[PDB]
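Take a look at the structure below.
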Amino acid sequence: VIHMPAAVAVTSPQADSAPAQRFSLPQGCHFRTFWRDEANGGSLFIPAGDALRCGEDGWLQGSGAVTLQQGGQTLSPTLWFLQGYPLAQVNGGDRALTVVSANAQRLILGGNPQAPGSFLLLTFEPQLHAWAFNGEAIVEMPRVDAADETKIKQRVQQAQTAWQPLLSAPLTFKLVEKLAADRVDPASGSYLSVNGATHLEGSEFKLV
Amino acid sequence: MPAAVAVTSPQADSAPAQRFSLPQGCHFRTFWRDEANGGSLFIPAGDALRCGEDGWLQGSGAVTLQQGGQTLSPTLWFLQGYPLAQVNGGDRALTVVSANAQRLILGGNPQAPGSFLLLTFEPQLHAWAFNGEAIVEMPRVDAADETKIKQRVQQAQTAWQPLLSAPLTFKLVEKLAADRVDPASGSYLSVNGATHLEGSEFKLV
Amino acid sequence: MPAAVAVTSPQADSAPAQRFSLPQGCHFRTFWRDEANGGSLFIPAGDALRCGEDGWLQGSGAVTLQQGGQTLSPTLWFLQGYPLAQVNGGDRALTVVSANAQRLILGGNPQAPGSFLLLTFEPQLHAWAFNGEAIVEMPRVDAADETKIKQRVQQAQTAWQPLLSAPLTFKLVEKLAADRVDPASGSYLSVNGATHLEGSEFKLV
Amino acid sequence: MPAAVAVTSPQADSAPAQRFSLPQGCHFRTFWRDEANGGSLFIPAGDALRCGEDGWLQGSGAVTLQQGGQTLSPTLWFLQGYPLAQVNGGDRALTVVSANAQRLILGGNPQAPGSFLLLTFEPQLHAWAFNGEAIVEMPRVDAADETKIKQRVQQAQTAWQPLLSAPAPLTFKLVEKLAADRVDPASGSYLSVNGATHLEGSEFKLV
Amino acid sequence: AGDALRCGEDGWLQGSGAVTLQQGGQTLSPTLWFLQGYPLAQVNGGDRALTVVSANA
């Protein structure tokens, strides 16, 4: 009853090679992101405050509310800066994560010591000029090990406790033999997906 | 003390129901305005729904309705000949306070008197159906005390809920308006109850 | 002296709010004329929100509203059972001057008596929300002294800012019109406040 | 080290500008597409703009343009006979590296050599205009060091900023070699550093 | 921010400066002069004490 999950071929094309644009702050540091001008006439506002500060690495650091304004609508996401990249919906300051890949389409978050071999996937949102996390995580596990059902449960449940303290949806894990860091979908070739739940408990009112 | 509301509904259709004679002698009474419906009402044989000696259909069974190509099989409970949906109050002795083509009021819960249920006629089931509405009779003066409101409505909840199959919504009124289209007309306050959820939700990214 | 404006607003809706009964028996009160939109209101379990001995839900927590595919999670603060958004005045003993289906007036702030907050009802939230509007009661005679306008306006700002989450806008009136749709109707002057900006704007060529 | 980018822009238009002869004897030179829509360009007298001994109109004044009921009066600064909007580099000696009907490159800032400014021809002003673009010539090997990028771009800012009057911040496009003979002289840029405008004040926004 | 526009003992903002007005994604930055607190354009006579005879919308 060895039920190895069936193999899936990696079919995603190579990811955009394009380098990000620099954004120079007065105190001399950069943050790096993507901004294709679709005649947006858009504005991006970094306020002054102790939330965000220039670090000695040459990059903007910290986590604060940025104000974006395009075509009437104003958005105020709080962004966290890692290696000069603005990230939404994830904040991992006291850990020391690594950006495995960053480009105009998506960014891969790695180097969580509490569960190596797992990765977060953030998709670029041009409306925010930032990468945002939406729940998608990759778990690197050999297909041989994925026959054992308690092994699957152990790996995905390790990654879930290793990442959730940094989160602000529940997680969805795609198991793959190897991260496809060079391709548009780094999950291309995933052989199984494990979805998690959010616990509800309270009182619903629904008017007749 | 809550502020008074005047009774504004017109009074209800005068029309009597139509009788439906079963082969064993009994009748069930309901409303069927034939808009050239050409529909079917099937009362299944079997000990479930049966004739009682007062001459009315009794019990709770699945009635089969067919109209314009589709079939619905709602399980209906009969009281005094009337087809009722979403309520089965067999253990108790309930009374139909009013019944017309628009609505039926179900009273007679000894566990909470003063409390009535409102059932609305659904012409596709030829039955009246409970969807959550309840009318509790309470004096406004007593409604100044909040503890009293709570007591009265929780009495009614514990009294009616075992017989119900939406949460309950209680409209307090000074006196039931049994003669009018809305028996709650003149209601001066509404208390809505909750449904407790507890579990795991899966929503895909 | 600024010129008088006559009060032109009609009287506000007389209807009381609907009650919402929790498991421990306490109420919260708000407005919901279901537009048959099948909305959902979720009170989570936790210490943030708790029933109190007054018979009202108390505290400040995230309430989840769901409607026609929508999900919103405004975190609301409950005062005298009313759910209020964008203001949280826990420490102080504020008073609800008036509440109805259109707007709610927040009063009884001791650090700036004569000042009131105006919150407008937001039906997709089933709660009253703060958007910046404050009313200031001042005789028109004193409103000649410009220094006095500035004293009263900046008294309220310092007394209401702490309990807030837009900047403030004060509408001066001789008499709060607590019974009408626009309690500020009859206002003779408006002072709008500023938000300080300081940062670095990026704007792509 | 940043990855090389190939120069993909075509060669720029060869056409020379048209001369416009002033009474006291000097020219200014610009482009007037033969739309012959019937437009008017007025150089006022009064010594704000004057003829110089190089033979070119010089100085900074409001030039009045009139086309189809519309009157535009931009204040233009004249360098080497070319009308420039949003820039006034008087104390300095700047050079026009290239000038065509599409764009003008301004160089010669001694405080930051290697930096250039790109101005775009606006056919309604019959002049070229600064909108915020600058090109910094830097090798990619040196651009591997991040401290060097920041040095070069801040040098360029301090050197060019006082001469500007544009309603936009500065955007630097780094390239190994200026493409002065192409439509986009920044074509081949391998990195872009965008600058900010400092705001500080009171915003009013009514409910 | 700046000394161009400033508050005075009159209780009114005094000075002549650029007030950035932004709407419809269009940004207008007029240089306005303030008399009796009123924002005025194309006219600047600060060192004179002129009189506002009527101000309406």
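Identifiers in this document derive from the order of the structure tokens: chains are assigned A, B, ..., residues are numbered from 1 separately in each chain, and ligands are numbered from 1 in order of occurrence.
The chain C residues that come within 10 Å of chain E are residues 146, 147, 150, 197 and 198 of chain C, with only C-alpha atoms taken into account.
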Counting only C-alpha atoms, chain C residues within 7 Å of chain A, as a VMD selection string: chain C and resid 34 38 to 45 198 to 204
Near chain C, meaning an atom within 7 Å, which residues of chain B appear when counting only C-alpha atoms? Write them as number ranges by chain. B: 189-194
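Selecting chain E residues within 10 Å of chain D and counting only C-alpha atoms yields residues 1, 2, 19, 20, 21, 27 and 29 of chain E.
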Which polymer residues have any atom within 9 Å of an atom of residue E:46, counting only C-alpha atoms, with same-chain residues fewer than 3 positions away left out, as a PDB file with N, CA and C atoms, in the first residue's frame?
```
ATOM      1  N   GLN E  14      -0.896  84.480   7.408  1.00  0.00           N
ATOM      2  CA  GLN E  14      -0.429  85.645   6.629  1.00  0.00           C
ATOM      3  C   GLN E  14       0.684  85.194   5.696  1.00  0.00           C
ATOM      4  N   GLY E  15       0.763  85.806   4.521  1.00  0.00           N
ATOM      5  CA  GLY E  15       1.885  85.487   3.631  1.00  0.00           C
ATOM      6  C   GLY E  15       1.480  85.200   2.209  1.00  0.00           C
ATOM      7  N   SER E  16       2.473  84.957   1.367  1.00  0.00           N
ATOM      8  CA  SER E  16       2.219  84.625  -0.046  1.00  0.00           C
ATOM      9  C   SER E  16       3.037  83.382  -0.361  1.00  0.00           C
ATOM     10  N   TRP E  33      -2.019  84.627  -1.855  1.00  0.00           N
ATOM     11  CA  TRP E  33      -1.680  85.646  -0.834  1.00  0.00           C
ATOM     12  C   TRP E  33      -2.848  85.703   0.136  1.00  0.00           C
ATOM     13  N   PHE E  34      -2.574  85.919   1.418  1.00  0.00           N
ATOM     14  CA  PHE E  34      -3.666  85.851   2.416  1.00  0.00           C
ATOM     15  C   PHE E  34      -3.952  87.228   3.015  1.00  0.00           C
ATOM     16  N   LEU E  35      -5.174  87.727   2.834  1.00  0.00           N
ATOM     17  CA  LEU E  35      -5.583  89.009   3.459  1.00  0.00           C
ATOM     18  C   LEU E  35      -6.790  88.720   4.345  1.00  0.00           C
ATOM     19  N   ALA E  49      -2.447  97.839   3.406  1.00  0.00           N
ATOM     20  CA  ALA E  49      -3.519  97.309   4.214  1.00  0.00           C
ATOM     21  C   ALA E  49      -4.825  97.508   3.500  1.00  0.00           C
ATOM     22  N   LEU E  50      -5.155  96.593   2.607  1.00  0.00           N
ATOM     23  CA  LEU E  50      -6.388  96.747   1.805  1.00  0.00           C
ATOM     24  C   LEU E  50      -7.590  96.287   2.632  1.00  0.00           C
TER      25      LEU E  50
END
```
Mind listing as a VMD selection string which residues of chain D are within 8 Å of chain A, counting only C-alpha atoms? chain D and resid 146 to 147 150 191 to 196
Proximal residues of chain E relative to chain A (only C-alpha atoms; 12 Å) as a ChimeraX atom specification: /E:22-27
Would you save the residues of that selection, restricted to N, CA and C atoms, as an mmCIF file, in the first residue's frame?
```cif
data_model
loop_
_atom_site.group_PDB
_atom_site.id
_atom_site.type_symbol
_atom_site.label_atom_id
_atom_site.label_comp_id
_atom_site.auth_asym_id
_atom_site.auth_seq_id
_atom_site.Cartn_x
_atom_site.Cartn_y
_atom_site.Cartn_z
ATOM 1 N N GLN E 22 -4.736 69.362 -4.949
ATOM 2 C CA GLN E 22 -4.676 68.108 -5.740
ATOM 3 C C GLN E 22 -6.062 67.477 -5.806
ATOM 4 N N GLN E 23 -6.509 67.128 -7.013
ATOM 5 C CA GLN E 23 -7.843 66.506 -7.206
ATOM 6 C C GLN E 23 -7.904 65.951 -8.632
ATOM 7 N N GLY E 24 -8.654 64.874 -8.834
ATOM 8 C CA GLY E 24 -8.765 64.274 -10.174
ATOM 9 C C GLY E 24 -7.410 63.845 -10.687
ATOM 10 N N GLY E 25 -6.495 63.524 -9.777
ATOM 11 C CA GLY E 25 -5.134 63.144 -10.187
ATOM 12 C C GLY E 25 -4.427 64.314 -10.830
ATOM 13 N N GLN E 26 -5.087 65.468 -10.877
ATOM 14 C CA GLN E 26 -4.443 66.690 -11.416
ATOM 15 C C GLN E 26 -3.930 67.499 -10.226
ATOM 16 N N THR E 27 -2.738 68.080 -10.351
ATOM 17 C CA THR E 27 -2.142 68.803 -9.202
ATOM 18 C C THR E 27 -1.941 70.272 -9.576
#
```
Pick out each residue of chain B that DSSP on the backbone tags as alpha helix (DSSP H); I need them as a ChimeraX atom specification. /B:146-160
Now that the selection is made, can you save its residues with N, CA and C atoms as a PDB file, in the first residue's frame?
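The resulting file, again17.pdb, is shown below:
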```pdb
ATOM      1  N   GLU B 146     -35.541  45.315  31.775  1.00  0.00           N
ATOM      2  CA  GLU B 146     -34.851  44.593  30.745  1.00  0.00           C
ATOM      3  C   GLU B 146     -34.744  43.172  31.122  1.00  0.00           C
ATOM      4  N   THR B 147     -34.728  42.917  32.413  1.00  0.00           N
ATOM      5  CA  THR B 147     -34.642  41.562  32.889  1.00  0.00           C
ATOM      6  C   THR B 147     -35.893  40.833  32.488  1.00  0.00           C
ATOM      7  N   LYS B 148     -37.006  41.542  32.465  1.00  0.00           N
ATOM      8  CA  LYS B 148     -38.260  40.940  32.091  1.00  0.00           C
ATOM      9  C   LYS B 148     -38.323  40.571  30.630  1.00  0.00           C
ATOM     10  N   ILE B 149     -37.807  41.428  29.764  1.00  0.00           N
ATOM     11  CA  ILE B 149     -37.781  41.135  28.348  1.00  0.00           C
ATOM     12  C   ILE B 149     -37.011  39.877  28.181  1.00  0.00           C
ATOM     13  N   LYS B 150     -35.841  39.829  28.778  1.00  0.00           N
ATOM     14  CA  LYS B 150     -35.006  38.679  28.587  1.00  0.00           C
ATOM     15  C   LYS B 150     -35.669  37.409  29.062  1.00  0.00           C
ATOM     16  N   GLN B 151     -36.361  37.473  30.183  1.00  0.00           N
ATOM     17  CA  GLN B 151     -36.993  36.289  30.724  1.00  0.00           C
ATOM     18  C   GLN B 151     -38.065  35.815  29.796  1.00  0.00           C
ATOM     19  N   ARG B 152     -38.931  36.722  29.389  1.00  0.00           N
ATOM     20  CA  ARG B 152     -40.034  36.338  28.554  1.00  0.00           C
ATOM     21  C   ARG B 152     -39.589  35.707  27.268  1.00  0.00           C
ATOM     22  N   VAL B 153     -38.574  36.263  26.640  1.00  0.00           N
ATOM     23  CA  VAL B 153     -38.186  35.748  25.348  1.00  0.00           C
ATOM     24  C   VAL B 153     -37.381  34.485  25.451  1.00  0.00           C
ATOM     25  N   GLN B 154     -36.749  34.262  26.584  1.00  0.00           N
ATOM     26  CA  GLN B 154     -36.018  33.030  26.740  1.00  0.00           C
ATOM     27  C   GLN B 154     -36.956  31.936  27.156  1.00  0.00           C
ATOM     28  N   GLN B 155     -38.084  32.303  27.739  1.00  0.00           N
ATOM     29  CA  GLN B 155     -39.077  31.312  28.073  1.00  0.00           C
ATOM     30  C   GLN B 155     -39.605  30.795  26.780  1.00  0.00           C
ATOM     31  N   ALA B 156     -39.940  31.704  25.885  1.00  0.00           N
ATOM     32  CA  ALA B 156     -40.506  31.304  24.627  1.00  0.00           C
ATOM     33  C   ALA B 156     -39.548  30.517  23.786  1.00  0.00           C
ATOM     34  N   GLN B 157     -38.268  30.767  23.939  1.00  0.00           N
ATOM     35  CA  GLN B 157     -37.305  30.087  23.125  1.00  0.00           C
ATOM     36  C   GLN B 157     -37.218  28.667  23.578  1.00  0.00           C
ATOM     37  N   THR B 158     -37.240  28.454  24.881  1.00  0.00           N
ATOM     38  CA  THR B 158     -37.103  27.114  25.406  1.00  0.00           C
ATOM     39  C   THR B 158     -38.384  26.353  25.239  1.00  0.00           C
ATOM     40  N   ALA B 159     -39.454  27.069  24.983  1.00  0.00           N
ATOM     41  CA  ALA B 159     -40.727  26.438  24.826  1.00  0.00           C
ATOM     42  C   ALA B 159     -40.973  26.038  23.413  1.00  0.00           C
ATOM     43  N   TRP B 160     -40.575  26.872  22.482  1.00  0.00           N
ATOM     44  CA  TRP B 160     -40.905  26.570  21.120  1.00  0.00           C
ATOM     45  C   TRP B 160     -39.847  25.781  20.402  1.00  0.00           C
TER      46      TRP B 160
END
```
